[PDB]
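A, B, ... follow the sequence lines: proteins, then strands. Residue 1 opens every chain. What's counted below: heavy atoms across the whole structure, side chains too, no hydrogens, waters or symmetry copies.
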Amino acid sequence: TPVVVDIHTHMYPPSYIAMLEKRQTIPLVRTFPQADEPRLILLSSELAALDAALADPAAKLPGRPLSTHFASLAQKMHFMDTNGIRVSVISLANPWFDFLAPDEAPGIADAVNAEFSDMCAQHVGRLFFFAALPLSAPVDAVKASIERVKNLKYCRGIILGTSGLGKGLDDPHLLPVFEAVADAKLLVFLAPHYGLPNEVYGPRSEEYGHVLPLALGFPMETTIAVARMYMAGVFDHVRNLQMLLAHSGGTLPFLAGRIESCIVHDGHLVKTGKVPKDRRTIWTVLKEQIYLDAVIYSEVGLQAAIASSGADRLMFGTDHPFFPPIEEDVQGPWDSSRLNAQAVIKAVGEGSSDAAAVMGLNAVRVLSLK
Amino acid sequence: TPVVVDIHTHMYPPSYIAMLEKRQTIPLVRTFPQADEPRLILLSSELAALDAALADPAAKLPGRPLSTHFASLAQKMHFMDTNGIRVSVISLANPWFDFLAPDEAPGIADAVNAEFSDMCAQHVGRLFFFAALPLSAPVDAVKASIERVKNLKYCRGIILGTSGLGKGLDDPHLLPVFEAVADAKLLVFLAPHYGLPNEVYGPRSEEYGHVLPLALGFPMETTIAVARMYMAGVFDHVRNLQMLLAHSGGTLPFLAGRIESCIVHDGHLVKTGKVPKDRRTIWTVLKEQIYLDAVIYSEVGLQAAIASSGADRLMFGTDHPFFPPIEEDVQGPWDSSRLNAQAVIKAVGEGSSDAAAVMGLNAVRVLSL
Ligand SMILES: [Zn+2]
Ligand SMILES: [Zn+2]
């Protein structure tokens, strides 16, 4: 039944952008009279470059351009139509609602999630979404938000960053949140943003552009977050929890064997009763509660992911709009999308049932894509 | 049967321990009457507990035990004999000489490397070693040390941490060192130690023992270090440089595709001519200048490593003595060793030429054993 579904694809909707425009501290959005697109500024490392451009506009324009590729639904549909994608499960891009004040967060999350539902309603059958949660608000407010979003048309899950309520995903206070999401039968899509402390990349990292934080920081962040969840016993505590991991689990398929060896050889864990004979291994969790996207750019990585979770638990994605062509027309086909489709072909063969599964039928099944 | 070679195996030799025993600041070693092993104190926090045991013989022993598994050559030979290993290429364990002052470092490195050669001489044909360098010293002193160790019997390469001279492996000042090691035809074994800043593991990390820093920190450190090397053009600048990466490249085989995609989609690099059409990709470097150890614990990881570098560039190792059995007899076979041997068998088949290659014949060829 080969339909192509993209489960890793992002937007900033109008209500979100307008909210950021009203902000006076990071993250926030400024519209310069020189440029046709607003500027998104997240890190305080470039709020300074704003002041330069605000006074001496000869300086480089700060932050990221809030392009049509992030903000325009028509642009999203164009991307889909020109890259052979039938269905997208769209999600709010980083940094989501993580930075919002507790009192304002639930109301803003409501408006933004409402707008996502309405965007999906413009192209019935071709658009679904993962909702973001107001995780800076009290847990009761978070649980109320979950019960709300599960009743929004076209919502098929939750997108979650690695910070949780502020102390990461092994925070015990998140257990009722995971239970609420799991009982609502909402898939959790875990996505990176915070990366690693920039010092790890050394004094020359800027010479390499964004390669180190994007190529290494993001997948390593995802790995650490899920490893923490696993070690805390979250998957054992919430057995109906299902997680989709960005970028083929970051590095989890490659390090799963090492994680297992380190656990069974850890003196502290063994001697305090944390390594019982009946323990569910990370391999078991990878087959039973984890889905992996196929945003890995190589048959080498993809084969490791398939070996870890199985071909029925891998899902195609593009990470649109984060990797546009630098020299070819951005309104033409994107090689960053094509790279992963090619990885799928080389890994399991073109026209195979496994290819059809990874390219969309797994997503159709798991997310009940009407 | 073809030779089984272990290329990832560590020791703290007597001269190194004696040097650490004389130190008054981290890292240091101290012995006690109530302990049958010396104590390795590597962290600032442990100094509090040192004085407590230094005062009271009732209090808890500080640091971690310098066991026979680290310190005894007879113990190393016993491990080899009970885990089916014919040859070990031994190396000084972390923290090596990184902490030493520039003036004392070359003399200490000289003594330690000479002792490694002498240890190998006690079991001719079964022991070789990677030498450690005094990288806190001036580069001219480092180059002199390199020319010395290459002429020590049984030396077959260099072991290198990720800090380099103090600013990592993409430090321009380190280029003459890479050139010197490469021109001496010495393999560089890159090993982790510094991991990641502990804050990345969150407030509950101690509840998980050492799992997060060891399972994630070490391989991620290796990945970042080699990626920095690659982006800096070190492999292009030193075309005869050959490097063996600890723990199957950390995560490099899994992230190589992502690294490449991020490079070709980087505006800054593309617009500044750093992504020319004839650039040697990370895949090419993985096949031409990188060897990977097989210390990966699963056929899943091993298959990715083999796909990346080829079966002729994978080498078996044990990481002895870092993962002893917790309950099982430590003088019997080690699970941590057999896991990797089993991974090889499950990946390329027991008795195959690929298996014989990974289990030792690659090391025999590349290191001239
Ligand atoms: Zn993303
Ligand atoms: Zn090691």
### Task
Please test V89(A) against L369(A) for side chain to side chain contact (heavy atoms under 4.5 Å, CB included), starting from the C-alpha separation and ending with a verdict.
CA-CA 9 Å; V89(A) 187; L369(A) 300 184; 4.2 Å; yes
### Task
Answer whether the closest heavy-atom distance between the side chains of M80(A) and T9(A) falls below 4.5 Å.
no
### Any pair counted as ring-ring contact (aromatic ring centres under 6.0 Å, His included), so long as it reaches residues 263-308 of chain B, sequence neighbours left out
none
### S163(A) side chain reached by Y194(A) side chain, heavy atoms, under 4.5 Å
yes
### Task
List for me each residue that meets ring pair (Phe, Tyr, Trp, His ring centres under 6.0 Å) alongside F129(A), sequence neighbours excluded, and say none if there are none.
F116(A)
### Query
Distance-only, no hydrogens or angles: does the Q303(A) side chain make a donor-acceptor pair with backbone N or O of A304(B) under 3.5 Å?
no
### Query
Is a donor on one side and an acceptor on the other found under 3.5 Å between the side chain of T251(A) and the backbone of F254(A)?
no
### Query
Say you draw a straight line from OG1 of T281(A) to OH of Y230(A); how long is it, rounded to the nearest 0.5 Å?
5.5 Å
### Query
At their closest point, which heavy atom of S352(A) faces which heavy atom of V348(A), and how far apart are they?
OG-O, 2.9 Å
### Query
Any donor-acceptor pair under 3.5 Å linking the side chain of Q289(B) with the backbone of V238(B)?
yes
### Summary
Residue pairs passing the side-chain hydrogen bond (donor to acceptor under 3.5 Å, both in side chains) test with at least one member in residues 320-331 of chain A, sequence neighbours excluded, are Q75(A)-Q331(A), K76(A)-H320(A), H78(A)-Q331(A)
### Query
Below 4.5 Å, heavy atoms only, C-beta onward: do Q242(B) and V366(B) meet side chain to side chain?
no
### Summary
Residues at least two apart in sequence or cross-chain that pass ring pair (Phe, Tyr, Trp, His ring centres under 6.0 Å) with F322(A), listed by chain then number, are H10(A), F70(A)
### Task
Look up atom CE in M220(A) and atom CD in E221(B), then write down how far apart they are to the nearest 0.5 Å.
10.5 Å
### Task
Determine whether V124(A) and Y154(A) make a side-chain contact, defined as any pair of heavy atoms from C-beta on separated by less than 4.5 Å.
yes
### Task
Decide side chain to side chain contact (heavy atoms under 4.5 Å, CB included) for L252(B) and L292(B); before the verdict, give the C-alpha distance in whole Å, the side-chain angles of both, and the deciding distance to 0.1 Å.
CA-CA 10 Å; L252(B) 222 200; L292(B) 303 177; 5.7 Å; no
### Task
Dump the intermediate steps for side chain to side chain contact (heavy atoms under 4.5 Å, CB included) on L196(B) and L216(B), then the final yes or no.
CA-CA 9 Å; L196(B) 301 171; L216(B) 310 184; 5.8 Å; no
### Message
In the structure I gave you, are the side-chain heavy atoms of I158(A) and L133(A) within less than 4.5 Å of one another anywhere?
### Response
yes
### Task
Spell out, as yes or no, whether a donor-acceptor pair under 3.5 Å connects the side chain of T222(A) to the backbone of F218(A).
yes
### Task
Working to the nearest 0.5 Å, report the span between CG of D312(A) and CG of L361(A).
12.0 Å
### Message
The criterion is salt bridge (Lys or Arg N to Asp or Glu O under 4.0 Å); which residues satisfy it with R338(B), sequence neighbours excluded?
### Response
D335(B)
### Message
Is there a side-chain contact between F316(B) and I7(B) in this structure, where contact means two heavy atoms from C-beta onward sitting under 4.5 Å apart?
### Response
no
#### Entry: With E288(A) via side chain to side chain contact (heavy atoms under 4.5 Å, CB included) - residues at least two apart
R239(A), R280(A), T284(A)
#### Entry: Contacts of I345(B) that satisfy side chain to side chain contact (heavy atoms under 4.5 Å, CB included) - sequence neighbours left out
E350(B)
### Task
Could you tell me whether the side chain of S261(B) and the main chain of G257(B) form a donor-acceptor pair under 3.5 Å?
no
### Query
From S88(A) OG over to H8(A) NE2, what is the distance, rounded to the nearest 0.5 angstrom?
12.0 Å
### Query
Could you give the distance from SG (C262(A)) to CG (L212(B)), rounded to the nearest 0.5 Å?
9.5 Å
### Query
Taking all atoms of both residues into account, what is the closest heavy-atom pair of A215(A) and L255(B), and its distance?
O-CD1, 3.9 Å
### Query
Just wondering, are more than 12 heavy atoms of other shown residues or ligands nearer than 6.0 Å to NE2 in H123(A)?
yes
### Query
Taking all atoms of both residues into account, what is the closest heavy-atom pair of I326(A) and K271(B), and its distance?
CG2-CD, 4.1 Å
### For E207(A), salt bridge (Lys or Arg N to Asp or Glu O under 4.0 Å) partners two or more places apart
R204(A)
### Task
List the atom of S309(B), the atom of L314(B), and the distance in Å for their closest heavy-atom pair.
CB-CD2, 4.2 Å
### Query
Quick one: side chain to side chain contact (heavy atoms under 4.5 Å, CB included) partners of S353(A), sequence neighbours excluded?
none
### Message
Would you say that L169(B) contacts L190(B) through its side chain, given a criterion of any heavy-atom pair below 4.5 Å between the two side chains?
### Response
yes
### Query
Would you say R86(A) has more than 12 foreign heavy atoms packed within less than 6.0 Å of its CZ?
no
### Message
Among residues at least two apart in sequence or on other chains, which ones pass side chain to side chain contact (heavy atoms under 4.5 Å, CB included) with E206(A)?
### Response
none
### Task
Check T68(A) against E37(A) and note the closest heavy-atom contact, atom names and distance.
N-OE2, 3.8 Å
### Task
Check step by step if side chain to side chain contact (heavy atoms under 4.5 Å, CB included) holds for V285(A) and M243(A).
CA-CA 10 Å; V285(A) 175; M243(A) 268 214 140; over 6 Å; no
### Summary
Sorted by chain and number, sequence neighbours left out, salt bridge (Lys or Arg N to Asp or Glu O under 4.0 Å) with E299(B) holds for none
### Query
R258(B) side chain to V295(A) main-chain N or O, any donor-acceptor pair under 3.5 Å?
no
### Query
salt bridge (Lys or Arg N to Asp or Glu O under 4.0 Å) with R313(B): which residues, sequence neighbours excluded?
none
### Query
For the side chain of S337(A) and the backbone of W334(A), is there at least one donor-acceptor N/O pair under 3.5 Å apart?
no
### Under 3.5 Å donor-acceptor, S248(A) side chain and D293(A) backbone
yes
### Query
Is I263(A) close to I282(A) at the side-chain level, that is, under 4.5 Å between some pair of heavy atoms?
no
### Task
Indicate yes or no for a side-chain donor-acceptor contact from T82(A) to the backbone of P333(A) under 3.5 Å, with no hydrogens or angles considered.
no
### Message
Whether the side chain of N362(A) engages the backbone of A311(A) through a donor-acceptor N/O pair (distance < 3.5 Å, no angle test) should be reported.
### Response
yes
#### Entry: Straight-line distance of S205(A) OG to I224(B) CD1, nearest 0.5 Å
9.5 Å
### Message
For a quick test of reading the model, state the closest non-hydrogen atom pair linking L245(A) to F189(A) and the distance between them.
### Response
C-CE1, 4.5 Å
